[PDB]
$ cat my_file.txt   # compact mmCIF, C-alpha atoms and all ligand atoms
# COMPACT_ATOMS: atom_id res chain seq x y z
CA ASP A 5 3.58 59.56 -32.04
CA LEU A 6 0.94 57.10 -30.84
CA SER A 7 -1.57 59.70 -29.89
CA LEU A 8 -3.56 60.27 -33.03
CA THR A 9 -4.06 63.92 -31.99
CA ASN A 10 -1.11 65.00 -34.13
CA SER A 11 -2.56 63.18 -37.19
CA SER A 12 -3.34 65.41 -40.16
CA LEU A 13 -5.53 62.74 -41.79
CA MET A 14 -7.69 61.65 -38.84
CA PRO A 15 -10.25 64.51 -38.80
CA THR A 16 -11.02 63.98 -42.47
CA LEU A 17 -11.47 60.18 -42.44
CA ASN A 18 -14.70 58.26 -42.40
CA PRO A 19 -16.09 58.00 -38.83
CA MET A 20 -15.89 54.22 -38.66
CA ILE A 21 -12.20 54.45 -39.61
CA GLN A 22 -11.67 57.08 -36.89
CA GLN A 23 -13.30 54.85 -34.28
CA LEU A 24 -11.26 51.82 -35.26
CA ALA A 25 -7.98 53.76 -35.38
CA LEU A 26 -8.65 55.00 -31.87
CA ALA A 27 -9.46 51.52 -30.59
CA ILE A 28 -6.29 50.01 -32.06
CA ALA A 29 -4.17 52.80 -30.62
CA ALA A 30 -5.84 52.33 -27.22
CA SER A 31 -5.02 48.60 -27.32
CA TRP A 32 -1.35 49.25 -28.06
CA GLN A 33 -0.85 52.29 -25.83
CA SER A 34 0.35 50.54 -22.66
CA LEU A 35 2.35 47.71 -24.26
CA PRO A 36 6.12 47.52 -24.02
CA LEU A 37 6.49 49.42 -27.31
CA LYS A 38 9.58 50.54 -29.13
CA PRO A 39 9.65 52.34 -32.49
CA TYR A 40 10.07 50.17 -35.56
CA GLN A 41 11.93 51.94 -38.37
CA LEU A 42 10.27 51.49 -41.76
CA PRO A 43 12.51 51.70 -44.87
CA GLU A 44 13.87 55.25 -45.13
CA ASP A 45 12.29 56.04 -41.72
CA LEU A 46 9.00 56.64 -43.59
CA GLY A 47 6.29 58.52 -41.73
CA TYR A 48 4.17 60.86 -43.88
CA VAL A 49 4.17 60.60 -47.70
CA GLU A 50 2.26 62.32 -50.48
CA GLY A 51 2.40 61.72 -54.20
CA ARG A 52 0.56 62.50 -57.41
CA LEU A 53 1.11 61.69 -61.08
CA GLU A 54 -1.65 62.59 -63.58
CA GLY A 55 -4.63 61.94 -61.32
CA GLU A 56 -5.56 62.22 -57.69
CA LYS A 57 -3.10 62.73 -54.84
CA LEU A 58 -2.50 59.93 -52.31
CA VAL A 59 -1.64 60.91 -48.72
CA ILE A 60 -0.35 58.27 -46.29
CA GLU A 61 0.46 58.40 -42.57
CA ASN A 62 2.47 55.51 -41.15
CA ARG A 63 3.01 54.54 -37.50
CA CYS A 64 5.04 51.43 -36.66
CA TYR A 65 6.10 49.75 -33.40
CA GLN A 66 7.51 46.50 -32.06
CA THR A 67 7.28 44.53 -28.83
CA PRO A 68 8.93 41.28 -27.73
CA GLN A 69 5.97 39.28 -29.06
CA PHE A 70 5.28 41.34 -32.22
CA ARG A 71 8.09 42.03 -34.59
CA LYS A 72 6.23 44.79 -36.43
CA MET A 73 2.97 46.59 -35.60
CA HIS A 74 1.93 48.77 -38.50
CA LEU A 75 -0.96 51.24 -38.54
CA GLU A 76 -1.43 53.04 -41.86
CA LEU A 77 -4.00 55.72 -42.71
CA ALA A 78 -4.50 56.84 -46.32
CA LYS A 79 -6.67 59.17 -48.36
CA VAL A 80 -6.91 59.44 -52.18
CA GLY A 81 -8.18 62.85 -53.20
CA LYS A 82 -11.39 63.48 -51.33
CA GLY A 83 -13.09 60.15 -52.07
CA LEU A 84 -11.22 57.15 -50.88
CA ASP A 85 -10.21 56.53 -47.26
CA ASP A 86 -8.26 53.52 -46.00
CA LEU A 87 -7.21 52.09 -42.68
CA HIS A 88 -4.68 49.26 -42.80
CA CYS A 89 -3.32 47.44 -39.77
CA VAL A 90 -1.14 44.33 -39.31
CA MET A 91 0.48 43.01 -36.15
CA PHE A 92 3.27 40.76 -37.43
CA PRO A 93 4.13 38.22 -34.72
CA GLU A 94 7.64 37.12 -33.66
CA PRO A 95 7.57 33.47 -34.88
CA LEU A 96 9.20 32.36 -31.62
CA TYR A 97 5.86 32.80 -29.83
CA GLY A 98 3.64 31.19 -32.44
CA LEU A 99 0.89 33.89 -32.35
CA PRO A 100 -1.51 34.41 -35.22
CA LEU A 101 -1.56 37.46 -37.47
CA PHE A 102 -3.94 40.23 -36.62
CA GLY A 103 -4.95 42.22 -39.70
CA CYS A 104 -7.63 44.58 -40.91
CA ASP A 105 -8.39 46.70 -43.98
CA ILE A 106 -11.24 49.25 -44.00
CA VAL A 107 -12.06 51.08 -47.24
CA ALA A 108 -14.53 53.93 -47.46
CA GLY A 109 -15.78 56.44 -49.98
CA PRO A 110 -18.26 59.37 -49.85
CA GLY A 111 -21.21 56.99 -49.76
CA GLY A 112 -19.85 54.91 -46.93
CA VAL A 113 -17.63 51.94 -46.10
CA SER A 114 -17.30 49.58 -49.07
CA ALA A 115 -15.10 46.93 -47.47
CA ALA A 116 -14.38 46.03 -43.86
CA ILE A 117 -12.10 43.02 -43.28
CA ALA A 118 -10.54 41.75 -40.07
CA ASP A 119 -8.97 38.48 -39.11
CA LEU A 120 -6.68 36.62 -36.76
CA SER A 121 -4.91 34.56 -39.44
CA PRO A 122 -3.10 31.23 -38.88
CA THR A 123 0.63 30.67 -39.19
CA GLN A 124 0.64 26.89 -38.58
CA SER A 125 1.15 24.56 -41.54
CA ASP A 126 -2.25 22.95 -40.90
CA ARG A 127 -3.86 26.42 -41.27
CA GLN A 128 -5.50 26.15 -37.82
CA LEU A 129 -5.44 28.74 -35.03
CA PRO A 130 -3.99 27.66 -31.68
CA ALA A 131 -6.53 25.87 -29.49
CA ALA A 132 -6.80 28.76 -26.98
CA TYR A 133 -7.81 31.11 -29.81
CA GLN A 134 -10.38 28.69 -31.24
CA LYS A 135 -11.99 28.33 -27.84
CA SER A 136 -12.14 32.07 -27.13
CA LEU A 137 -13.35 33.01 -30.60
CA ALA A 138 -16.07 30.34 -30.62
CA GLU A 139 -17.42 31.78 -27.35
CA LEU A 140 -18.10 35.16 -29.02
CA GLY A 141 -20.70 33.63 -31.27
CA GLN A 142 -21.21 34.24 -34.92
CA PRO A 143 -22.13 37.83 -35.75
CA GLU A 144 -24.93 38.62 -38.13
CA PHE A 145 -24.23 40.97 -41.01
CA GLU A 146 -26.54 41.58 -43.94
CA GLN A 147 -23.89 41.97 -46.69
CA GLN A 148 -21.04 39.49 -46.57
CA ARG A 149 -18.38 39.43 -49.28
CA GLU A 150 -16.63 36.35 -50.57
CA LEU A 151 -12.86 36.28 -50.20
CA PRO A 152 -10.76 36.47 -53.37
CA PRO A 153 -8.71 33.44 -54.42
CA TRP A 154 -5.52 34.49 -52.62
CA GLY A 155 -7.64 34.68 -49.44
CA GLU A 156 -7.01 31.06 -48.50
CA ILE A 157 -4.62 32.55 -45.90
CA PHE A 158 -7.57 33.79 -43.76
CA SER A 159 -9.10 31.90 -40.84
CA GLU A 160 -12.67 30.68 -40.56
CA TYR A 161 -13.37 33.66 -38.23
CA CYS A 162 -12.44 36.20 -40.94
CA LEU A 163 -14.97 38.99 -41.32
CA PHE A 164 -15.38 40.54 -44.79
CA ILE A 165 -18.48 42.76 -45.09
CA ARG A 166 -19.97 45.90 -46.50
CA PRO A 167 -21.67 47.48 -43.44
CA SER A 168 -25.31 48.27 -44.21
CA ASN A 169 -25.99 50.79 -41.42
CA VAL A 170 -24.41 52.38 -38.31
CA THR A 171 -25.43 49.48 -36.09
CA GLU A 172 -23.39 47.10 -38.23
CA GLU A 173 -20.49 49.59 -38.29
CA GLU A 174 -20.48 49.57 -34.50
CA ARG A 175 -20.89 45.80 -34.35
CA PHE A 176 -17.81 45.36 -36.59
CA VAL A 177 -15.72 47.73 -34.45
CA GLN A 178 -16.71 45.82 -31.32
CA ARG A 179 -15.76 42.53 -32.91
CA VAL A 180 -12.29 43.89 -33.75
CA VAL A 181 -11.92 45.12 -30.13
CA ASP A 182 -12.84 41.60 -28.96
CA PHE A 183 -10.25 40.09 -31.31
CA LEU A 184 -7.58 42.47 -29.90
CA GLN A 185 -8.50 41.70 -26.27
CA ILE A 186 -8.15 37.95 -26.88
CA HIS A 187 -4.88 38.46 -28.79
CA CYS A 188 -3.31 40.71 -26.14
CA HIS A 189 -4.17 38.24 -23.40
CA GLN A 190 -2.76 35.25 -25.35
CA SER A 191 0.45 37.22 -25.92
CA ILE A 192 1.01 37.38 -22.15
CA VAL A 193 0.69 33.63 -21.68
CA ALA A 194 2.59 32.58 -24.85
CA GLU A 195 5.77 30.51 -24.42
CA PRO A 196 8.84 30.50 -26.67
CA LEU A 197 8.65 27.59 -29.02
CA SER A 198 11.18 25.05 -30.28
CA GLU A 199 13.44 25.85 -33.28
CA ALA A 200 11.42 23.57 -35.55
CA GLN A 201 8.09 25.11 -34.57
CA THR A 202 9.53 28.61 -34.92
CA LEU A 203 10.47 27.72 -38.46
CA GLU A 204 6.95 26.54 -39.29
CA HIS A 205 5.40 29.80 -37.99
CA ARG A 206 7.98 31.80 -39.90
CA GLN A 207 6.99 30.02 -43.10
CA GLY A 208 3.30 30.68 -42.41
CA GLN A 209 4.00 34.41 -42.05
CA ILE A 210 6.06 34.46 -45.27
CA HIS A 211 3.17 32.79 -47.09
CA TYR A 212 0.68 35.34 -45.68
CA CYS A 213 2.82 38.22 -46.99
CA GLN A 214 3.27 36.67 -50.43
CA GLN A 215 -0.49 36.13 -50.88
CA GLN A 216 -1.35 39.64 -49.61
CA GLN A 217 0.92 41.05 -52.35
CA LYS A 218 -1.49 39.62 -54.92
CA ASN A 219 -4.13 42.22 -54.00
CA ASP A 220 -4.33 44.18 -57.25
CA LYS A 221 -6.94 46.61 -55.86
CA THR A 222 -4.43 47.91 -53.34
CA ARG A 223 -1.60 47.89 -55.90
CA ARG A 224 -3.51 49.95 -58.44
CA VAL A 225 -4.24 52.68 -55.85
CA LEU A 226 -0.53 52.96 -55.16
CA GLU A 227 0.41 52.73 -58.87
CA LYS A 228 -1.91 55.55 -59.85
CA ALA A 229 -0.20 58.01 -57.47
CA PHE A 230 3.43 56.87 -57.44
CA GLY A 231 3.93 54.50 -60.39
CA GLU A 232 4.73 50.85 -60.79
CA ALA A 233 8.23 50.70 -59.30
CA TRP A 234 7.32 52.72 -56.19
CA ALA A 235 4.18 50.61 -55.69
CA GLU A 236 6.10 47.31 -55.89
CA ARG A 237 8.68 48.54 -53.33
CA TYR A 238 5.91 49.79 -51.02
CA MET A 239 3.95 46.50 -51.25
CA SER A 240 7.01 44.30 -50.70
CA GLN A 241 9.12 46.36 -48.26
CA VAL A 242 6.57 48.42 -46.29
CA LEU A 243 3.17 46.69 -46.25
CA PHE A 244 3.98 42.95 -46.52
CA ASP A 245 7.73 42.43 -45.98
CA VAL A 246 9.02 38.86 -46.10
CA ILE A 247 11.29 37.97 -43.19
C1 LIG B 1 -1.94 51.57 -48.64
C2 LIG B 1 -2.63 50.68 -47.97
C3 LIG B 1 -3.93 50.07 -48.47
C4 LIG B 1 -4.84 50.51 -49.45
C5 LIG B 1 -4.78 51.71 -50.36
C6 LIG B 1 -5.95 49.51 -49.62
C7 LIG B 1 -6.93 49.62 -50.48
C8 LIG B 1 -7.94 48.57 -50.78
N1 LIG B 1 -8.10 47.36 -50.13
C9 LIG B 1 -9.13 46.81 -50.76
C10 LIG B 1 -9.71 45.46 -50.58
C11 LIG B 1 -9.31 44.40 -49.87
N2 LIG B 1 -8.41 44.31 -48.71
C12 LIG B 1 -8.41 42.94 -48.26
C13 LIG B 1 -7.72 42.46 -47.04
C14 LIG B 1 -6.68 43.01 -46.52
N3 LIG B 1 -5.80 44.10 -47.02
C15 LIG B 1 -4.71 44.36 -46.03
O1 LIG B 1 -3.86 45.16 -46.15
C16 LIG B 1 -4.99 43.42 -44.93
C17 LIG B 1 -4.12 43.39 -43.72
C18 LIG B 1 -6.16 42.67 -45.19
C19 LIG B 1 -6.77 41.55 -44.40
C20 LIG B 1 -6.64 41.38 -43.14
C21 LIG B 1 -9.30 42.10 -49.07
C22 LIG B 1 -9.58 40.64 -48.91
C23 LIG B 1 -9.85 43.01 -50.08
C24 LIG B 1 -10.80 42.63 -51.20
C25 LIG B 1 -9.92 42.32 -52.44
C26 LIG B 1 -10.85 42.06 -53.65
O2 LIG B 1 -12.04 42.35 -53.60
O3 LIG B 1 -10.31 41.57 -54.65
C27 LIG B 1 -9.70 47.70 -51.74
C28 LIG B 1 -10.91 47.36 -52.60
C29 LIG B 1 -12.17 47.73 -51.75
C30 LIG B 1 -13.48 47.16 -52.19
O4 LIG B 1 -13.51 46.23 -53.00
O5 LIG B 1 -14.54 47.68 -51.73
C31 LIG B 1 -8.92 48.80 -51.75
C32 LIG B 1 -9.04 50.02 -52.65
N4 LIG B 1 -5.67 48.46 -48.63
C33 LIG B 1 -4.40 48.76 -47.93
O6 LIG B 1 -3.95 48.06 -47.13
$ encode --input "my_file.txt" --output "structure tokens"
Amino acid sequence: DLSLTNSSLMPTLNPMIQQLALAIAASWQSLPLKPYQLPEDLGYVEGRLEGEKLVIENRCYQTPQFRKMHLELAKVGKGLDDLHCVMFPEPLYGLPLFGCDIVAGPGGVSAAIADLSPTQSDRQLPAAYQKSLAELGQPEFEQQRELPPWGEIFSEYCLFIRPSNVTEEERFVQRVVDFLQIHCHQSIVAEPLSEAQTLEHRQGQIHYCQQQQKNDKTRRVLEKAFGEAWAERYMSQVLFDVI
């Protein structure tokens, strides 16, 4: 399932989304993957109420270091495209949370967000991450976006932009590839932590999922195609499940 060649959505998504989906899949392809079963063994889902149809493709995996690796592609009607990805770490290893959300319409990408988010109580990334991320240097983008109020969960390296041209699209993709290369290497060298530290990282992941559920822009997309009760179950059990 991890080849995207069987995807029905891929050919119709915004090109930046296609490039990022491919890069994520390439990063995961040779890991010690096992399937992760979403609620009701959800793969493909389509729904419509009174407006536009929402189509969603889900792929989910797990490894010893990552309890849940979720790649979701979505399209609303013919306008709105979305790529959503979260690698949820196993708290035992103390790794940060990789996440990204890319939203596009007919006139281009409106929102591109990626981060390696902290799970420590002091809201800092592990020292090895800080060092590696600082060495990449700060990227220059013309149109930055300020994080909403629930976005206190994001690191100081969080990127949130509207890409202004294809060069910036490519620059953002390359920065996400760099984040993934750092993250995959740190996962090899990570050691199992003490019970007390595992608990702190668990709490940090819970908090991340609770704050992400406050994103009303995501919720309203789901609500308009499936209704309020479906949307709440999807947000809380599929996208941002509390462990
Ligand atoms: C069904 C799945 C799914 C859909 C439909 C979705 C849609 C979605 N996500 C966002 C913004 C959107 N997404 C995020 C961030 C994230 N969101 C995440 O799922 C993750 C992992 C991050 C961060 C790593 C932020 C911070 C914002 C801006 C929220 C705002 O402007 O209020 C928008 C508003 C775009 C804009 O303002 O230009 C939409 C429609 N996101 C999804 O995940």
$ residues_around --input "my_file.txt" --residues "residue A:235" --least-positions-apart "6" --cutoff "9 Å" --atoms "all atoms listed in the file" --output "PDB file with C-alpha atoms, keeping the file's coordinate frame"
ATOM      1  CA  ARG A 223      -1.600  47.890 -55.900  1.00  0.00           C
ATOM      2  CA  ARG A 224      -3.510  49.950 -58.440  1.00  0.00           C
ATOM      3  CA  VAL A 225      -4.240  52.680 -55.850  1.00  0.00           C
ATOM      4  CA  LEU A 226      -0.530  52.960 -55.160  1.00  0.00           C
ATOM      5  CA  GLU A 227       0.410  52.730 -58.870  1.00  0.00           C
ATOM      6  CA  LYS A 228      -1.910  55.550 -59.850  1.00  0.00           C
ATOM      7  CA  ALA A 229      -0.200  58.010 -57.470  1.00  0.00           C
TER       8      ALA A 229
END
$ residues_near_ligand --input "my_file.txt" --ligand "ligand LIG 1 (chain B)" --cutoff "7 Å" --atoms "all atoms listed in the file" --output "count of residues only"
25
$ closest_residue --input "my_file.txt" --among "A:67, A:18, A:142, A:125" --to "residue A:34" --atoms "all atoms listed in the file"
A:67
$ residues_around --input "my_file.txt" --residues "residue A:159" --least-positions-apart "2" --cutoff "12 Å" --atoms "only C-alpha atoms" --output "count of residues only"
29
$ residues_around --input "my_file.txt" --residues "residue A:198" --least-positions-apart "3" --cutoff "8 Å" --atoms "all atoms listed in the file" --output "count of residues only"
3
$ closest_residue --input "my_file.txt" --among "A:70, A:97, A:65, A:32" --to "residue A:196" --atoms "only C-alpha atoms"
A:97
$ residues_around --input "my_file.txt" --residues "residue A:246" --least-positions-apart "4" --cutoff "9 Å" --atoms "all atoms listed in the file" --output "count of residues only"
7
$ residues_near_point --input "my_file.txt" --point "(-13.0, 64.7, -49.6)" --cutoff "9 Å" --atoms "all atoms listed in the file" --output "list in words"
residues 16, 17, 79, 80, 81, 82, 83, 84, 85, 109 and 110 of chain A
$ residues_around --input "my_file.txt" --residues "residue A:140" --least-positions-apart "3" --cutoff "9 Å" --atoms "only C-alpha atoms" --output "list in words"
residues 136, 137, 143, 179 and 182 of chain A
$ residues_near_point --input "my_file.txt" --point "(-24.6, 46.6, -48.0)" --cutoff "8 Å" --atoms "all atoms listed in the file" --output "ChimeraX atom specification"
/A:114,146-147,165-169
$ closest_residue --input "my_file.txt" --among "A:49, A:242, A:116, A:247" --to "residue A:24" --atoms "only C-alpha atoms"
A:116
$ closest_residue --input "my_file.txt" --among "A:13, A:35, A:73, A:99" --to "residue A:243" --atoms "all atoms listed in the file"
A:73
$ closest_residue --input "my_file.txt" --among "A:39, A:108, A:71, A:206" --to "residue A:173" --atoms "all atoms listed in the file"
A:108
$ atom_distance --input "my_file.txt" --atom1 "atom CA of residue A:148" --atom2 "atom CA of residue A:75"
24.6 Å
$ atom_distance --input "my_file.txt" --atom1 "atom CA of residue A:172" --atom2 "atom CA of residue A:145"
6.8 Å
$ atom_distance --input "my_file.txt" --atom1 "atom CA of residue A:239" --atom2 "atom CA of residue A:25"
21.1 Å
$ closest_residue --input "my_file.txt" --among "A:190, A:69, A:12, A:22" --to "residue A:47" --atoms "only C-alpha atoms"
A:12
$ decode --input "my_file.txt" --residues "stretch 18-44 of chain A" --atoms "N, CA and C atoms" --output "CSV table (one decimal), in the first residue's frame"
chain,number,residue,atom,x,y,z
A,18,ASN,N,-2.6,18.9,-6.2
A,18,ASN,CA,-1.6,20.0,-6.5
A,18,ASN,C,-0.2,19.4,-6.5
A,19,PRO,N,0.6,19.9,-7.5
A,19,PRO,CA,2.0,19.3,-7.7
A,19,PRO,C,2.9,19.4,-6.5
A,20,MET,N,2.8,20.4,-5.7
A,20,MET,CA,3.7,20.4,-4.5
A,20,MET,C,3.2,19.3,-3.5
A,21,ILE,N,1.9,19.1,-3.4
A,21,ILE,CA,1.4,18.0,-2.6
A,21,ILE,C,2.0,16.7,-3.1
A,22,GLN,N,1.9,16.5,-4.4
A,22,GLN,CA,2.4,15.2,-5.0
A,22,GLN,C,3.9,15.0,-4.7
A,23,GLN,N,4.7,16.1,-4.8
A,23,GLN,CA,6.1,15.9,-4.5
A,23,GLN,C,6.4,15.6,-3.0
A,24,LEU,N,5.6,16.2,-2.1
A,24,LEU,CA,5.9,16.0,-0.7
A,24,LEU,C,5.4,14.6,-0.3
A,25,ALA,N,4.3,14.1,-0.9
A,25,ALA,CA,3.8,12.8,-0.6
A,25,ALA,C,4.8,11.7,-1.0
A,26,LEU,N,5.4,11.9,-2.2
A,26,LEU,CA,6.4,11.0,-2.7
A,26,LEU,C,7.6,11.1,-1.8
A,27,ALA,N,8.1,12.2,-1.3
A,27,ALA,CA,9.2,12.3,-0.4
A,27,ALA,C,9.0,11.6,0.9
A,28,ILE,N,7.8,11.8,1.5
A,28,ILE,CA,7.5,11.2,2.8
A,28,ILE,C,7.5,9.7,2.6
A,29,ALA,N,6.8,9.2,1.6
A,29,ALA,CA,6.8,7.7,1.3
A,29,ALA,C,8.2,7.2,1.0
A,30,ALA,N,9.0,7.9,0.3
A,30,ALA,CA,10.4,7.5,0.1
A,30,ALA,C,11.2,7.3,1.4
A,31,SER,N,10.9,8.3,2.4
A,31,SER,CA,11.6,8.3,3.7
A,31,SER,C,11.2,7.0,4.5
A,32,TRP,N,9.9,6.6,4.4
A,32,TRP,CA,9.4,5.6,5.2
A,32,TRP,C,9.7,4.2,4.6
A,33,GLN,N,9.9,4.1,3.3
A,33,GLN,CA,9.8,2.9,2.5
A,33,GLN,C,10.7,1.8,3.1
A,34,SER,N,11.9,2.0,3.6
A,34,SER,CA,12.8,1.0,4.0
A,34,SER,C,12.9,0.8,5.5
A,35,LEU,N,12.0,1.5,6.2
A,35,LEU,CA,11.9,1.3,7.7
A,35,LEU,C,11.3,-0.1,8.0
A,36,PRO,N,11.5,-0.5,9.3
A,36,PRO,CA,10.9,-1.7,9.8
A,36,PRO,C,9.4,-1.4,10.0
A,37,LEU,N,8.6,-1.3,9.0
A,37,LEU,CA,7.2,-1.0,9.0
A,37,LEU,C,6.3,-2.2,9.3
A,38,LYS,N,5.2,-1.9,10.0
A,38,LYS,CA,4.1,-2.8,10.1
A,38,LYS,C,2.8,-2.0,9.8
A,39,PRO,N,1.8,-2.5,9.3
A,39,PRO,CA,0.5,-1.8,9.3
A,39,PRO,C,0.0,-1.4,10.6
A,40,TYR,N,-0.6,-0.2,10.7
A,40,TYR,CA,-1.3,0.2,11.9
A,40,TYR,C,-2.8,0.3,11.5
A,41,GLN,N,-3.6,-0.3,12.3
A,41,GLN,CA,-5.0,-0.4,11.9
A,41,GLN,C,-5.8,0.8,12.5
A,42,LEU,N,-6.3,1.7,11.6
A,42,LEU,CA,-7.1,2.8,12.1
A,42,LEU,C,-8.5,2.3,12.6
A,43,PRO,N,-9.2,3.1,13.3
A,43,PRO,CA,-10.6,2.6,13.7
A,43,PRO,C,-11.4,2.1,12.5
A,44,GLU,N,-12.0,0.9,12.6
A,44,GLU,CA,-12.8,0.4,11.5
A,44,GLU,C,-11.9,0.1,10.3
